[PDB]
file entry23.cif (mmCIF, C-alpha atoms)
data_entry
#
loop_
_atom_site.group_PDB
_atom_site.id
_atom_site.type_symbol
_atom_site.label_atom_id
_atom_site.label_comp_id
_atom_site.auth_asym_id
_atom_site.auth_seq_id
_atom_site.Cartn_x
_atom_site.Cartn_y
_atom_site.Cartn_z
ATOM 1 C CA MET Z 1 -39.560 34.927 34.379
ATOM 2 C CA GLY Z 2 -35.942 34.278 33.403
ATOM 3 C CA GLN Z 3 -36.290 36.343 30.230
ATOM 4 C CA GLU Z 4 -37.977 39.736 30.520
ATOM 5 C CA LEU Z 5 -38.572 39.922 26.776
ATOM 6 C CA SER Z 6 -39.861 36.934 24.821
ATOM 7 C CA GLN Z 7 -41.619 36.186 21.534
ATOM 8 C CA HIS Z 8 -44.609 34.918 23.507
ATOM 9 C CA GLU Z 9 -44.995 38.279 25.233
ATOM 10 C CA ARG Z 10 -45.030 40.124 21.910
ATOM 11 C CA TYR Z 11 -47.677 37.742 20.583
ATOM 12 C CA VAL Z 12 -50.040 38.650 23.430
ATOM 13 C CA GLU Z 13 -49.479 42.362 22.934
ATOM 14 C CA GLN Z 14 -50.789 41.916 19.400
ATOM 15 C CA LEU Z 15 -53.889 40.139 20.656
ATOM 16 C CA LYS Z 16 -54.432 42.820 23.266
ATOM 17 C CA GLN Z 17 -54.803 45.471 20.567
ATOM 18 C CA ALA Z 18 -56.613 43.331 17.988
ATOM 19 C CA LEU Z 19 -59.121 41.948 20.481
ATOM 20 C CA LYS Z 20 -59.476 45.417 21.991
ATOM 21 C CA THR Z 21 -60.979 46.667 18.745
ATOM 22 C CA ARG Z 22 -63.553 43.902 19.162
ATOM 23 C CA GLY Z 23 -64.729 45.192 22.554
ATOM 24 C CA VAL Z 24 -62.261 43.358 24.783
ATOM 25 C CA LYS Z 25 -60.785 45.073 27.840
ATOM 26 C CA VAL Z 26 -58.007 43.028 29.422
ATOM 27 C CA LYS Z 27 -54.514 43.682 30.792
ATOM 28 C CA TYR Z 28 -51.357 42.617 28.958
ATOM 29 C CA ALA Z 29 -50.156 40.613 31.939
ATOM 30 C CA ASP Z 30 -53.565 38.967 32.309
ATOM 31 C CA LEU Z 31 -53.303 37.380 28.858
ATOM 32 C CA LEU Z 32 -49.646 36.537 29.448
ATOM 33 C CA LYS Z 33 -50.519 34.719 32.669
ATOM 34 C CA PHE Z 34 -53.284 32.785 30.905
ATOM 35 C CA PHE Z 35 -50.883 31.653 28.157
ATOM 36 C CA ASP Z 36 -48.473 30.435 30.822
ATOM 37 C CA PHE Z 37 -51.354 28.823 32.719
ATOM 38 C CA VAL Z 38 -52.183 26.345 29.941
ATOM 39 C CA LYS Z 39 -48.505 25.843 29.161
ATOM 40 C CA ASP Z 40 -47.866 24.992 32.804
ATOM 41 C CA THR Z 41 -50.561 22.325 33.144
ATOM 42 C CA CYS Z 42 -50.949 21.821 29.422
ATOM 43 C CA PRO Z 43 -47.713 21.971 27.318
ATOM 44 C CA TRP Z 44 -49.725 20.989 24.262
ATOM 45 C CA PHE Z 45 -51.831 23.171 21.985
ATOM 46 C CA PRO Z 46 -54.070 20.991 19.749
ATOM 47 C CA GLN Z 47 -55.630 22.697 16.738
ATOM 48 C CA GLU Z 48 -58.832 21.882 14.863
ATOM 49 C CA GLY Z 49 -61.089 23.300 12.149
ATOM 50 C CA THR Z 50 -63.344 24.725 14.851
ATOM 51 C CA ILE Z 51 -62.304 27.566 17.157
ATOM 52 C CA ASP Z 52 -58.883 26.326 18.291
ATOM 53 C CA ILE Z 53 -58.769 28.807 21.143
ATOM 54 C CA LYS Z 54 -61.776 26.945 22.459
ATOM 55 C CA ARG Z 55 -59.622 24.083 23.707
ATOM 56 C CA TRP Z 56 -57.136 26.570 25.166
ATOM 57 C CA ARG Z 57 -59.647 28.345 27.361
ATOM 58 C CA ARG Z 58 -61.503 25.082 27.889
ATOM 59 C CA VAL Z 59 -58.650 23.863 30.091
ATOM 60 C CA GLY Z 60 -58.328 27.231 31.781
ATOM 61 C CA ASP Z 61 -62.056 27.633 32.433
ATOM 62 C CA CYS Z 62 -62.098 24.212 34.112
ATOM 63 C CA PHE Z 63 -59.024 24.591 36.303
ATOM 64 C CA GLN Z 64 -59.931 28.268 36.702
ATOM 65 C CA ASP Z 65 -63.154 27.263 38.424
ATOM 66 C CA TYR Z 66 -61.244 25.292 41.059
ATOM 67 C CA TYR Z 67 -58.367 27.783 41.206
ATOM 68 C CA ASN Z 68 -60.823 30.644 41.647
ATOM 69 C CA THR Z 69 -62.459 28.895 44.595
ATOM 70 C CA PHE Z 70 -59.105 27.866 46.054
ATOM 71 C CA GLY Z 71 -57.791 31.433 45.810
ATOM 72 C CA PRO Z 72 -55.375 31.496 42.808
ATOM 73 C CA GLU Z 73 -56.887 34.292 40.720
ATOM 74 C CA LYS Z 74 -53.915 34.171 38.315
ATOM 75 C CA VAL Z 75 -56.512 33.561 35.626
ATOM 76 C CA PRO Z 76 -59.653 35.660 36.463
ATOM 77 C CA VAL Z 77 -63.039 34.415 35.255
ATOM 78 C CA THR Z 78 -63.412 37.683 33.370
ATOM 79 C CA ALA Z 79 -61.452 35.775 30.722
ATOM 80 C CA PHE Z 80 -64.622 33.941 29.702
ATOM 81 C CA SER Z 81 -66.484 37.195 29.009
ATOM 82 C CA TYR Z 82 -63.714 38.595 26.837
ATOM 83 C CA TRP Z 83 -63.570 35.187 25.190
ATOM 84 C CA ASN Z 84 -67.110 35.764 23.941
ATOM 85 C CA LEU Z 85 -65.792 38.670 21.905
ATOM 86 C CA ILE Z 86 -63.114 36.398 20.421
ATOM 87 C CA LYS Z 87 -65.659 33.733 19.451
ATOM 88 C CA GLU Z 88 -67.286 36.248 17.152
ATOM 89 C CA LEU Z 89 -63.888 37.444 15.889
ATOM 90 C CA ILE Z 90 -62.703 33.999 14.790
ATOM 91 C CA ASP Z 91 -66.140 32.955 13.572
ATOM 92 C CA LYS Z 92 -66.310 35.965 11.255
ATOM 93 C CA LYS Z 93 -62.863 35.103 9.890
ATOM 94 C CA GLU Z 94 -63.970 31.545 9.166
ATOM 95 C CA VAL Z 95 -66.211 33.293 6.633
ATOM 96 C CA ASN Z 96 -64.978 34.731 3.347
ATOM 97 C CA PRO Z 97 -61.290 33.697 3.480
ATOM 98 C CA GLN Z 98 -58.777 36.421 2.634
ATOM 99 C CA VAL Z 99 -55.110 36.336 1.628
ATOM 100 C CA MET Z 100 -52.533 39.072 2.208
#

call {"tool": "encode", "arguments": {"input": "entry23.cif", "output": "structure tokens"}}
result
Amino acid sequence: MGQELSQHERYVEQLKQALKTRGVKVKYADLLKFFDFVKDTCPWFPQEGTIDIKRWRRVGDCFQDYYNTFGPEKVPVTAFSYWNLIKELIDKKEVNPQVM
């Protein structure tokens, strides 16, 4: 909140467009809030051969369930649906590696 413009914000914007072409309809702020959500309760970002984003949303989906019931909608469940589109996006990439 201290800095209006940040590298993290730009990163999301890229995902917004890229994922959008995959059939994802989410707001820029929505993704930004999610990124801050994990960073707030989870300052780590472990990576593995399998869908790395899985662990990211995994924490959100869990705490999101309780937060959703409590009231904090900061991270709407709709994230899971859009996530389905990502699963296919990353999975396809894991096939036929390409270099630019």

call {"tool": "resolve_selection", "arguments": {"input": "entry23.cif", "expression": "the PyMOL selection byres ((chain Z and resi 81-94) around 9)", "output": "list in words"}}
result
residues 19, 22, 23, 24, 25, 26, 50, 51, 53, 54, 57, 77, 78, 79, 80, 95, 96, 97 and 98 of chain Z

call {"tool": "write_last_selection", "arguments": {"input": "entry23.cif", "atoms": "C-alpha atoms", "output": "CSV table (one decimal), in the frame of the given file"}}
result
chain,number,residue,atom,x,y,z
Z,19,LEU,CA,-59.1,41.9,20.5
Z,22,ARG,CA,-63.6,43.9,19.2
Z,23,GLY,CA,-64.7,45.2,22.6
Z,24,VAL,CA,-62.3,43.4,24.8
Z,25,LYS,CA,-60.8,45.1,27.8
Z,26,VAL,CA,-58.0,43.0,29.4
Z,50,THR,CA,-63.3,24.7,14.9
Z,51,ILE,CA,-62.3,27.6,17.2
Z,53,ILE,CA,-58.8,28.8,21.1
Z,54,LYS,CA,-61.8,26.9,22.5
Z,57,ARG,CA,-59.6,28.3,27.4
Z,77,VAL,CA,-63.0,34.4,35.3
Z,78,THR,CA,-63.4,37.7,33.4
Z,79,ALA,CA,-61.5,35.8,30.7
Z,80,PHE,CA,-64.6,33.9,29.7
Z,95,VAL,CA,-66.2,33.3,6.6
Z,96,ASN,CA,-65.0,34.7,3.3
Z,97,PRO,CA,-61.3,33.7,3.5
Z,98,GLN,CA,-58.8,36.4,2.6

call {"tool": "resolve_selection", "arguments": {"input": "entry23.cif", "expression": "the PyMOL selection byres ((chain Z and resi 63) around 12)", "output": "list in words"}}
result
residues 34, 37, 38, 40, 41, 42, 56, 57, 58, 59, 60, 61, 62, 64, 65, 66, 67, 68, 69, 70, 71, 72, 73, 74, 75, 76 and 77 of chain Z

call {"tool": "atom_distance", "arguments": {"input": "entry23.cif", "atom1": "CA of residue 12 in chain Z", "atom2": "CA of residue 30 in chain Z"}}
result
9.6 Å

call {"tool": "resolve_selection", "arguments": {"input": "entry23.cif", "expression": "the PyMOL selection byres ((chain Z and resi 28) around 10)", "output": "count of residues only"}}
result
16

call {"tool": "atom_distance", "arguments": {"input": "entry23.cif", "atom1": "CA of residue 7 in chain Z", "atom2": "CA of residue 35 in chain Z"}}
result
12.3 Å

call {"tool": "atom_distance", "arguments": {"input": "entry23.cif", "atom1": "CA of residue 18 in chain Z", "atom2": "CA of residue 99 in chain Z"}}
result
17.9 Å

call {"tool": "build_atoms", "arguments": {"input": "entry23.cif", "residues": "range 14-27 of chain Z", "atoms": "N, CA, C and O atoms", "output": "PDB file, keeping the file's coordinate frame"}}
result
ATOM      1  N   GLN Z  14     -50.046  41.782  20.647  1.00  0.00           N
ATOM      2  CA  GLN Z  14     -50.789  41.916  19.400  1.00  0.00           C
ATOM      3  C   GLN Z  14     -52.258  41.594  19.624  1.00  0.00           C
ATOM      4  O   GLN Z  14     -53.138  42.298  19.132  1.00  0.00           O
ATOM      5  N   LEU Z  15     -52.518  40.530  20.373  1.00  0.00           N
ATOM      6  CA  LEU Z  15     -53.889  40.139  20.656  1.00  0.00           C
ATOM      7  C   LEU Z  15     -54.580  41.223  21.463  1.00  0.00           C
ATOM      8  O   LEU Z  15     -55.739  41.535  21.233  1.00  0.00           O
ATOM      9  N   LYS Z  16     -53.859  41.791  22.418  1.00  0.00           N
ATOM     10  CA  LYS Z  16     -54.432  42.820  23.266  1.00  0.00           C
ATOM     11  C   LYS Z  16     -55.046  43.930  22.421  1.00  0.00           C
ATOM     12  O   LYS Z  16     -56.167  44.369  22.682  1.00  0.00           O
ATOM     13  N   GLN Z  17     -54.306  44.394  21.419  1.00  0.00           N
ATOM     14  CA  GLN Z  17     -54.803  45.471  20.567  1.00  0.00           C
ATOM     15  C   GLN Z  17     -55.904  44.990  19.622  1.00  0.00           C
ATOM     16  O   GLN Z  17     -56.952  45.627  19.499  1.00  0.00           O
ATOM     17  N   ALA Z  18     -55.649  43.878  18.943  1.00  0.00           N
ATOM     18  CA  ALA Z  18     -56.613  43.331  17.988  1.00  0.00           C
ATOM     19  C   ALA Z  18     -57.952  43.030  18.654  1.00  0.00           C
ATOM     20  O   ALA Z  18     -59.003  43.458  18.176  1.00  0.00           O
ATOM     21  N   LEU Z  19     -57.908  42.298  19.757  1.00  0.00           N
ATOM     22  CA  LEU Z  19     -59.121  41.948  20.481  1.00  0.00           C
ATOM     23  C   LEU Z  19     -59.771  43.196  21.070  1.00  0.00           C
ATOM     24  O   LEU Z  19     -60.991  43.266  21.206  1.00  0.00           O
ATOM     25  N   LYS Z  20     -58.953  44.181  21.419  1.00  0.00           N
ATOM     26  CA  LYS Z  20     -59.476  45.417  21.991  1.00  0.00           C
ATOM     27  C   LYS Z  20     -60.442  46.092  21.029  1.00  0.00           C
ATOM     28  O   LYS Z  20     -61.462  46.640  21.446  1.00  0.00           O
ATOM     29  N   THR Z  21     -60.121  46.052  19.746  1.00  0.00           N
ATOM     30  CA  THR Z  21     -60.979  46.667  18.745  1.00  0.00           C
ATOM     31  C   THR Z  21     -62.300  45.914  18.636  1.00  0.00           C
ATOM     32  O   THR Z  21     -63.261  46.408  18.046  1.00  0.00           O
ATOM     33  N   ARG Z  22     -62.342  44.713  19.207  1.00  0.00           N
ATOM     34  CA  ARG Z  22     -63.553  43.902  19.162  1.00  0.00           C
ATOM     35  C   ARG Z  22     -64.442  44.139  20.382  1.00  0.00           C
ATOM     36  O   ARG Z  22     -65.559  43.628  20.441  1.00  0.00           O
ATOM     37  N   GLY Z  23     -63.949  44.909  21.347  1.00  0.00           N
ATOM     38  CA  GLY Z  23     -64.729  45.192  22.554  1.00  0.00           C
ATOM     39  C   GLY Z  23     -64.168  44.456  23.764  1.00  0.00           C
ATOM     40  O   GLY Z  23     -64.878  44.227  24.745  1.00  0.00           O
ATOM     41  N   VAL Z  24     -62.898  44.078  23.686  1.00  0.00           N
ATOM     42  CA  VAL Z  24     -62.261  43.358  24.783  1.00  0.00           C
ATOM     43  C   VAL Z  24     -61.387  44.286  25.620  1.00  0.00           C
ATOM     44  O   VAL Z  24     -60.559  45.021  25.090  1.00  0.00           O
ATOM     45  N   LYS Z  25     -61.571  44.238  26.934  1.00  0.00           N
ATOM     46  CA  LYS Z  25     -60.785  45.073  27.840  1.00  0.00           C
ATOM     47  C   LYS Z  25     -60.052  44.209  28.859  1.00  0.00           C
ATOM     48  O   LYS Z  25     -60.595  43.874  29.912  1.00  0.00           O
ATOM     49  N   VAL Z  26     -58.814  43.852  28.535  1.00  0.00           N
ATOM     50  CA  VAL Z  26     -58.007  43.028  29.422  1.00  0.00           C
ATOM     51  C   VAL Z  26     -56.584  43.580  29.516  1.00  0.00           C
ATOM     52  O   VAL Z  26     -56.135  44.317  28.638  1.00  0.00           O
ATOM     53  N   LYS Z  27     -55.882  43.218  30.587  1.00  0.00           N
ATOM     54  CA  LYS Z  27     -54.514  43.682  30.792  1.00  0.00           C
ATOM     55  C   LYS Z  27     -53.518  42.795  30.044  1.00  0.00           C
ATOM     56  O   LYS Z  27     -53.769  41.615  29.814  1.00  0.00           O
TER      57      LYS Z  27
END
